[PDB]
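Take a look at this one chain, the form deposited in one PDB entry, written out in structure tokens.
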């Protein structure tokens, strides 16, 4: 009744750890690994986690009620298996929307105008010896942007893009009514129509390698791909080929198939910007994400209703 025990496997923002003592006992393990679970941990009622939650770790806890996922994406939790056990899963929507949308525009501008490379040119002393940084072959001016995904974050990206004077289209499974953006019922169809593709869908079975050779070919030789969603959504091998052959003109990636590993071939290109999954990674936004993780757990145990349960687990607490 009094204090529930919460497991935290691996690294998490210290703000989560700082706030859990408001209601909970915290149990830490150094890695998300079932082999680290001891007999004394079998009474754990909740998990707070960033990234992967292996099924054998989740299933090591007979009294588990709730997984509070740090992040709006929760593809590291086996939600099917959670639902089958009656375990509620919560995520962190909304509190990071604007931050992520800001990073998406930054990455887009860096990709098109080569601003990081320009800064390196200056910092390495090349402005003095060799003169002006080369003119960027690309620009945002005159571009047509297609958003793959138009949810919380996709719409926030579209709102920014409206102020840059570019045409905007989108592809989702179901159109969003009331908005003045051109809907495309197929991804490849949108890709044909646009020269700039921004990926902001979840990493599910339905989006797995959706950005493939055909979509990239359709995007075309002025084509720029921006991925701020999940790396699984892009066929990473096909992207490398497309960049090698000049099938597309450039790419900016915050996410990858097998993080933190980025293939050497992607690192070679002068027309590519790469970030280590930083789209929400400010102090203020990660603090808000931490707060929402903890407030989800507090709401669950005190009222029986989570703040932001995921669609797959619209559960209420039975105790």
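Basically, rigid core = biggest C-alpha set you can superpose within 1.5 Å across the two forms. Residue numbers count along the first chain shown, from 1.
Among other deposited entries of this protein with both flanking residues present, none omit coordinates for residue 241; it is modelled throughout, well short of a third. Among other compared entries that model residues flanking residue 172, every one gives it coordinates, keeping it clear of the one-third cutoff. When 292-300 is weighed against 17-25, 17-25 comes out higher, by mean CA B-factor as recorded in the entry.
Here 173-181 and 120-128 are compared by their mean Cα B-factor, and 173-181 comes out higher.
Per the PDB entry, 193 shows the highest C-alpha temperature factor of the residues 193, 101, 88, 224. Per the deposited coordinates, the residue with the largest Cα temperature factor out of 41, 279, 283, 251 is 41.
Looking at the C-alpha B-factors along this chain, the one for residue 63 belongs to the middle third. Sorting the modelled residues of the chain by their CA temperature factor places residue 137 in the lowest third. Remark: residue 71 belongs to the lowest third of its chain, ranked by C-alpha B-factor as recorded.
Looking at the C-alpha B-factors along this chain, the one for residue 45 belongs to the middle third. In this PDB entry, residue 110 carries a Cα temperature factor that places it within the lowest third of its chain's modelled residues.
Just so you know, the form deposited in another entry exists too; it's not on screen, but the next bit is about it.
The comparison between this form and the one not shown, aligned on the rigid core, picks out a single residue among 258, 282, 63, 268 whose CA moves by 2 Å or more, and that residue is 63. Between residue 287 and residue 230, the Cα spacing is smaller in the other entry than in the shown form, differing by no less than 3 Å. Compared with the form shown, the residue 230-residue 188 C-alpha separation increases in the other entry, the change being 3 Å or greater.
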